[PDB]
Amino acid sequence: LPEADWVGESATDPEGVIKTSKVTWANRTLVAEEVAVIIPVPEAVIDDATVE
Amino acid sequence: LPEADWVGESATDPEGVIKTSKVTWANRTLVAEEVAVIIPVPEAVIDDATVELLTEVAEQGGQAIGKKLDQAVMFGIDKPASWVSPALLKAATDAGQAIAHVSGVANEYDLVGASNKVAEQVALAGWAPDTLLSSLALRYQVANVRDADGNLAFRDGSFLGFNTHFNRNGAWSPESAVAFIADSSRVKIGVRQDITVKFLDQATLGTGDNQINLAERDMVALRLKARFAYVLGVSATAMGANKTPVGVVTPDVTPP
Amino acid sequence: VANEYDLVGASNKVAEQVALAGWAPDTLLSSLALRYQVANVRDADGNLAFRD
Numbered sequence: 053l054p055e056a057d058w059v060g061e062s063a064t065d066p067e068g069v070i071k072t073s074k075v076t077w078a079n080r081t082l083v084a085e086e087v088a089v090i091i092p093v094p095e096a097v098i099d100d101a102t103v104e
Numbered sequence: 053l054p055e056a057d058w059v060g061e062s063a064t065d066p067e068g069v070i071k072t073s074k075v076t077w078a079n080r081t082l083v084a085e086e087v088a089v090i091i092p093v094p095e096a097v098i099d100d101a102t103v104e105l106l107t108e109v110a111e112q113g114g115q116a117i118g119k120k121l122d123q124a125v126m127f128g129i130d131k132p133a134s135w136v137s138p139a140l141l142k143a144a145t146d147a148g149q150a151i152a153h154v155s156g157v158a159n160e161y162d163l164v165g166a167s168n169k170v171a172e173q174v175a176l177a178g179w180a181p182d183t184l185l186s187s188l189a190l191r192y193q194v195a196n197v198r199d200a201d202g203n204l205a206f207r208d209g210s211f212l213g214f215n216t217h218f219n220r221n222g223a224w225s226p227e228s229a230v231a232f233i234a235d236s237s238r239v240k241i242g243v244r245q246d247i248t249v250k251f252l253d254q255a256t257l258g259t260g261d262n263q264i265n266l267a268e269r270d271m272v273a274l275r276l277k278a279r280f281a282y283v284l285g286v287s288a289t290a291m292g293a294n295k296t297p298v299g300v301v302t303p304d305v306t307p308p
Numbered sequence: 157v158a159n160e161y162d163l164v165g166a167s168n169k170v171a172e173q174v175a176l177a178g179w180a181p182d183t184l185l186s187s188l189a190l191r192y193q194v195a196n197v198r199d200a201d202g203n204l205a206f207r208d
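Top line first, the protein sequences correspond to chains A, B and C. Sequential numbering from 53 applies to the first sequence in the deposited numbering. Sequential numbering from 53 applies to the second sequence in the deposited numbering. Sequential numbering from 157 applies to the third sequence in the deposited numbering.
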């Protein structure tokens, strides 16, 4: 966030100059990652089973 | 205030003389003071960015100005020296209208009890307390106060009869105050000039080695400014001469 | 016993901290245990603290 300040009033004083400030931004990233499983089974067990 | 007395009857004694007395007045001042910021940026960065940077920078500078005003009035942080009125914290503390919160079980100095005792002090000063200022902490914390059996003490909500305002721009100083209770008729903010924005493309910022000449660096800037004043109506009332229209609940700093 | 830091009390104390950060707390994630336990919390006399 920027900062404002109570400037004051003069042609020559170190006060009476308006100060400079900044706004800044950062980055956040979605990075895709893989999640998986392999499930082995005998082909004869698939042929025998009474369900899909 | 003037001061009447019992006269008695005599032509000759020091009594039977009616003593003279005086009403008096004093001056309070709104003095306008200027709060500002300059925010410089490369023109190539404005050209390349995917959003209107100067729109967000103007909005962020507007919020930054509003935060300085809150910090100066409530807590006295960077209060400009021409504002002779004390900030709300100093006003309440010097008046002795400051009450320490006691946390834990529901008690006479819990958040509701302490706010009631602060409103009592402001009312016994002769003012009419009608506004409460706080951080968001208070709204969660009253909904959570437990009685001695562990049930909710204040399920209905119970700051009724205060207008309630919550600070959300980060100006609150939670080490100094839980809440302010005030008579809102007795506090005024002078708006001499509301927030105004100038686009700068030719100006010079700084002098000597710090000197940013904007045009030869291909920069631009926004200048944001406002002029504000503050007064607290510390005054006589029917109760006496120097009565402060604001009190403070201070945080629980005593370990159990 | 029901207290400042029971399931309702601790959830309130957390939502306060998220709100004081300037965020708007609006979702709660938990196991199925939470519903049964809030329905069961006792005040110091042994009555249900959170019937509603």
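Even for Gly, the Cβ is constructed at its ideal location relative to N, Cα and C.
For residue i and residue j, which I take to be in contact (beta-carbon distance under 8 angstroms), what is that distance rounded to the nearest angstrom?
i: residue 106 (chain B); j: residue 117 (chain B); result: With 8 angstroms as the limit, residue 106 (chain B) and residue 117 (chain B) do not qualify as a contact, their Cβ atoms being about 16 angstroms apart.
i: residue 299 (chain B); j: residue 149 (chain B); result: 4 angstroms
i: residue 187 (chain B); j: residue 218 (chain B); result: 7 angstroms
i: residue 278 (chain B); j: residue 247 (chain B); result: 5 angstroms
i: residue 64 (chain B); j: residue 179 (chain B); result: Not quite, the Cβ-Cβ distance comes to about 46 angstroms (not below 8 angstroms), so this is no contact.
i: residue 21 (chain B); j: residue 177 (chain B); result: Outside the shown range of chain B (53 to 308) lies residue 21 (chain B), about which nothing can therefore be said.
i: residue 120 (chain B); j: residue 130 (chain B); result: 7 angstroms
Apart from the five residues on each side of it in sequence, which residues of its chain come closer than 7 angstroms, Cβ to Cβ, to residue i?
i: residue 74 (chain A); result: 54
i: residue 136 (chain B); result: 81
i: residue 154 (chain B); result: 161, 162, 304
i: residue 165 (chain B); result: 159
i: residue 287 (chain B); result: 295
i: residue 2 (chain B); result: Given a span of 53 to 308 for chain B in the structure shown, any question on residue 2 (chain B) remains unanswerable.
i: residue 127 (chain B); result: 139, 141, 225, 228
i: residue 134 (chain B); result: 83, 85
i: residue 147 (chain B); result: 296
i: residue 68 (chain A); result: 59, 60, 61, 62
i: residue 123 (chain B); result: 129, 130, 223
Would you say residue i and residue j are within 8 angstroms of each other, going by their C-beta atoms?
i: residue 200 (chain B); j: residue 157 (chain B); result: yes
i: residue 89 (chain B); j: residue 276 (chain B); result: yes
i: residue 182 (chain B); j: residue 225 (chain B); result: no
i: residue 111 (chain B); j: residue 280 (chain B); result: no
i: residue 206 (chain B); j: residue 184 (chain B); result: no
i: residue 240 (chain B); j: residue 174 (chain B); result: no
i: residue 91 (chain B); j: residue 204 (chain B); result: no
i: residue 59 (chain A); j: residue 87 (chain B); result: yes
I need the DSSP call for residue i, collapsed to helix, strand or coil.
i: residue 241 (chain B); result: strand
i: residue 250 (chain B); result: strand
i: residue 85 (chain B); result: strand
i: residue 214 (chain B); result: coil
i: residue 98 (chain B); result: helix
i: residue 291 (chain B); result: coil
i: residue 70 (chain A); result: coil
i: residue 232 (chain B); result: strand
i: residue 191 (chain C); result: helix
i: residue 302 (chain B); result: strand
i: residue 56 (chain A); result: coil
i: residue 117 (chain B); result: helix
i: residue 281 (chain B); result: strand
i: residue 136 (chain B); result: coil
i: residue 167 (chain B); result: helix
i: residue 177 (chain C); result: coil
i: residue 266 (chain B); result: coil
i: residue 273 (chain B); result: strand
i: residue 141 (chain B); result: helix
i: residue 150 (chain B); result: strand
i: residue 105 (chain B); result: helix
i: residue 75 (chain B); result: coil
i: residue 125 (chain B); result: helix
Compare the Cα-Cα distances from residue i to each of the options and report the closest residue.
i: residue 57 (chain B); options: B:226, B:70, B:238; result: B:70
i: residue 303 (chain B); options: B:193, B:181, B:103; result: B:193
i: residue 269 (chain B); options: B:84, B:145, B:93; result: B:93
i: residue 113 (chain B); options: B:259, B:185, B:249; result: B:249
i: residue 96 (chain B); options: B:228, B:308, B:127, B:266; result: B:266
i: residue 221 (chain B); options: B:83, B:109, B:67, B:115; result: B:115
i: residue 252 (chain B); options: B:271, B:230, B:216, B:60; result: B:271
i: residue 168 (chain B); options: B:231, B:145, B:134, B:123; result: B:231
i: residue 172 (chain C); options: B:209, B:262, B:191; result: B:191
i: residue 109 (chain B); options: A:77, A:62, A:68; result: A:77
Excluding sequence positions up to five away, which residues of its chain have a Cβ less than 6 angstroms from the Cβ of residue i?
i: residue 170 (chain B); result: 151, 233, 299, 301
i: residue 104 (chain A); result: none
i: residue 144 (chain B); result: 150, 298, 299, 300
Going along the chain, which residues of its own chain have a beta-carbon closer than 8 angstroms to the beta-carbon of residue i, five neighbours each way excluded?
i: residue 72 (chain B); result: none
i: residue 198 (chain C); result: 157, 158, 204, 205
i: residue 202 (chain B); result: none
i: residue 254 (chain B); result: 266, 267
Show which residues of chain D have a CB atom less than 9 angstroms away from the CB atom of residue i.
i: residue 91 (chain A); result: In summary, chain D is missing from the structure at hand, where the protein chains are A, B and C.
For residue i, verify whether its CB is less than 7 angstroms away from any heavy atom of the ligand FMN.
i: residue 106 (chain B); result: Although the ligand FMN was asked about, the structure shown includes no ligands whatsoever.
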